[PDB]
Every structure is written in C-alpha cells, then in structure tokens.
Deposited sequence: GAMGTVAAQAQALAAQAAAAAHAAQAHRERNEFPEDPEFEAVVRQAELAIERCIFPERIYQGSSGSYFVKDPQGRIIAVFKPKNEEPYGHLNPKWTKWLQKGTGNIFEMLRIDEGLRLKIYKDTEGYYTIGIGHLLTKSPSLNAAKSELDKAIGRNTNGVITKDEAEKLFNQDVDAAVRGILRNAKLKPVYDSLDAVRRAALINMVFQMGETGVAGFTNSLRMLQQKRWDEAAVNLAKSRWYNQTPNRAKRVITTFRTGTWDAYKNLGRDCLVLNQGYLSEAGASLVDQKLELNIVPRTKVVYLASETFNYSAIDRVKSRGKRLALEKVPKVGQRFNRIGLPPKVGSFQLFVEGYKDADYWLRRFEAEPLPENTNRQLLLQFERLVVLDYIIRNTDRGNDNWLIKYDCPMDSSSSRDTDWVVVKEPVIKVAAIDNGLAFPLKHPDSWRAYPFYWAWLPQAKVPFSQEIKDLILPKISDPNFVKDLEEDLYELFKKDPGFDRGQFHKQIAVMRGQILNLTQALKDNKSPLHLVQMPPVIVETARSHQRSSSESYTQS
C-alpha cells in the first residue's frame, strides 16, 4: 500500500520501482553501503532511488553483518563475557576487591597477593609471576564457562529455568553464574520464577533490584535487557545511545519532511515506502513460504540525483582554483541551508562524504551553477545531546565556509517560520504522524526528541537574529526545551 497523492512525482517513481521488481530487475545492494542500503532501478535498468530497509539497519535484526552473530545462539556467551569482563594479562582486583586475572577469572577472595599468585600458578601450570598470556587467559575462560554451564545443570533451582529459555536468555543466565557462581544465582528464586513463567517485564524488574547490579549496574543492566528483549541489542553498539534504537529509516524520511517545511530543497525527496525484493535479506522461514512471495519490507526511499560528486571532491578543487565571486556566493547559500537542516534535526553524522555538490528582462530565474544535495540523514533526531561533542560534532563547523555570517537571504527564509510557534507545533505534529507509525514507537522517547529539536530552534532563532556565523552557532551551549 504505497501512495502519496500529495506527491504524484514520488509515487510515479515508486511505481516504476515495483514494476521493475515484477520484471525481475532487482534493487542491487550498494557495496560500500550498509549491507542494508540498495539501488532501486526502473524497468530500463537506470538508478532511480536509494532504499534502506528498517530491519537491515546497522542495529537491524536482519542486517547481514549481524546475522552470523545470531546463529551462534548461546555460543555468543564467549563474546558476551569478553565484552563484560574485558581482558587482562596481569593480576587485578575485581569490583568487590578480589584478585582476578585474564577474562573475569577469580583467583581467591583472600587479601594476599601471593595466595592469588600461588593460586594462579596452580591453574596455569608454571611460575607466572602474576603475568599470563593471551592463550592462557583463553584456556581459563573456556573452563570457567563450562563450570558455569555445569553449575546450572547440576542445580535444581537453576536447571528448570535454563531449559525453558531460548538460546539467548540461556546465555544471559550463564553470564550471571559466571559472575556470581551457581549457588548465588539460586537465591534469586523469585526472578527465576518469572523467567520461568516467561514474563519478561516481570523479571527484568527484580534483577534491577539486587545486591548485584548495585555493585556493577552498568554490566547488570546489560543482561536484564538481554533477558527482557531476548536479544543482543545491549551488546550491539554499547553505546551510540544518543539515538533511538532502530528508527534510522525514519530519520531519513524525517530529514526530508523538515527540508520540505523549511523550504530548503536540499534533501532529495525521501518517504516511508514498502518494497519486496528477492535481492533483500529475508529470514529462511519467509524465503520458504514464498514457495505469495517475499513480504514487503518497510524502509526509507530517497530519490536519486545525477551530476553530483562528494562535497569533499569539489571543495578540494575550489581551494586550489577558487570559484569566481558570484558562483561562490551561490555555494554559501546552499551551505547555509545545510547547516540549518543539520542544526534543526541535530544530525550526528555529516561528513564531507555525506553531502553532495553539483557544479555546472524575463519571467524566469537563471539556473544556479552550484547546488547542494544532503544525503545519508538516518543518523539524526537524537534522544538528547551527545555526551562528548567531539565524538558527534558538526563536521562542517571546521570548514572555512562556517566562518561566514548568516545571509539575510536565510534569515528571510527561515525566521518567519521558526518564530511562528504554530509552525513549530505543526512541524512537531507532522513528525509525530511519521514517527508513531513505527511498531517500536515510544511517546516518551518522542518528547525527548522534540525537546532537543525545540532547543536547537531556540538557539538558531537567536543565531539568525544576530547574524552569527554557523560556527558561532554551534558554540552556543546546547539546550533542551522540556515540557
């Protein structure tokens, strides 16, 4: 059900896409894309669009890169604990103050370092002098995992639960018996009951309250969600966490909404579109029921533009051979629109590969020589400002173009809109109607998104009134406007 009566040009392109699929001309996967980025083509083989299925997103469930991972099932217990325990080749103290080594291997609860060092030689088979190798730490690791699996299966309170768990939760319980040992996890009998009855939101709470967790919450909270969600999501991207989890396609489409309303027209038109293609990455199940073929996947569909190179490609050239004044002033105006987009949607990823330039008495405006396309917008609309601005900056702030004060032209375009509270209200309702359609939508998460966006507008409004540069704009302390 793909229709956009508001945008018959967009719909027409989409219809060529579907028809081209019917004719067995499949969107082909961009190499040097996310595994989940595709080139949509029409029946004549030309590239009309870029398509990014939600479920093939980097955090995506059907993402090819992480498919290898989901097979292991419990066998992910190794990587899971490597991440939680880290690696050390020399004796250290654990969270409780106990002598430890390699990957989470507890030597003794004794205060004596030679108890521990002694205890270490017993294990390794030589005089270690408190220092072991990578292979030695790995050998302790397997034995300690076996000991956990044994601890679970030799135990009456634990075993029943474990057998009722899916491959992933089992891994979580092993995780626990690795840190606390057999006997310790069996004092949780409540949560084991819930886990046992399959109520996830039940148990995820009680483990939230324990002597454990309290000591190492950062780790504890990582399993609890592995218990609650039956997935590896806490061990995938720990953490981006500036952003909502698997809504990249909506960022993509949303970026295009904003462009539309502010009338910037740098974002090639992008909407939420459903497509089915044999070239996509589907569950084996789905592949089989098709024999009634593959189901359509929901994704961002962004129109394709020709004649453009990397911002990087061109700016490199304009520096060696500077543009004539008049053309170069057309660049700056395309550039201001980009800064406004990115500041408003709070893009966390814009590099010089993430935007594109094209360089070529009357009723009509002479065509512009230079023009800016803003692509790859699925990393915006954060839940909050990034903790270290250096990790997720605005790259264009260090460009010289960022030094030039905002043009009257932009103030004229943008101030009347973002100064009108009814514009910002309408803009937020439109984003809501887009975002609420996601099955994993959360009203509370949304409000935070809007808060950031409202704080960015607050800053941009005053930056524009003062004729500040883009650079001075980003130096303004980030704010949120919270209801």
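In this chain the deposited sequence has gaps in the coordinates at 1-29, 321-338, 408-418, 542-556, listed in sequence order.
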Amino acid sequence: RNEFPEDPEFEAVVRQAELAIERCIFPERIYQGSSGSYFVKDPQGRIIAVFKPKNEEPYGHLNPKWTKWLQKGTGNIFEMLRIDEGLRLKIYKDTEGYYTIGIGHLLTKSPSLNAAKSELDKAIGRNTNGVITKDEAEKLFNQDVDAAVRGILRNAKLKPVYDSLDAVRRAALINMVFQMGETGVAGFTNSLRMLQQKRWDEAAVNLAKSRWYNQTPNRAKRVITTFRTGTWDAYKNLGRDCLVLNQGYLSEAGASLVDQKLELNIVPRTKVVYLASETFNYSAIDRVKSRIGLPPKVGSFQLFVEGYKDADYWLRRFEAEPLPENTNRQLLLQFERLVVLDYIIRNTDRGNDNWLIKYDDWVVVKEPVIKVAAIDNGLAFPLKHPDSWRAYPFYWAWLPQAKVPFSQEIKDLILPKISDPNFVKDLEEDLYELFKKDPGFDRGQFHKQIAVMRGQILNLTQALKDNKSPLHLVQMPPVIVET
From here on, numbers count along this sequence of modelled residues.
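Omission of residue 58 is seen in none of the other entries compared for this protein where the adjacent residues are built, far below a third. When the other compared entries with both flanking residues are checked, residue 33 is unmodelled in at least a third.
In this entry, 70-78 has the higher mean Cα B-factor, the comparison being between 375-383 and 70-78. Remark: stretch with higher mean C-alpha B factor among 236-244 and 390-398 is 236-244. The top Cα temperature factor in the record, among 412, 349, 361, 259, falls on 361. When the Cα B-factors of 302, 95, 327, 334 are read from the PDB record, 95 comes out highest. Sorting the modelled residues of the chain by their CA temperature factor places residue 31 in the highest third. Per the PDB record, residue ranking by Cα B-factor puts residue 109 in the middle third of the chain. Among all modelled residues in this chain, the alpha-carbon of residue 170 has a temperature factor (C-alpha) in the highest third. Split the chain's modelled residues into thirds by C-alpha temperature factor. Residue 420 is in the lowest one. Looking at the C-alpha B-factors along this chain, the one for residue 99 belongs to the middle third.
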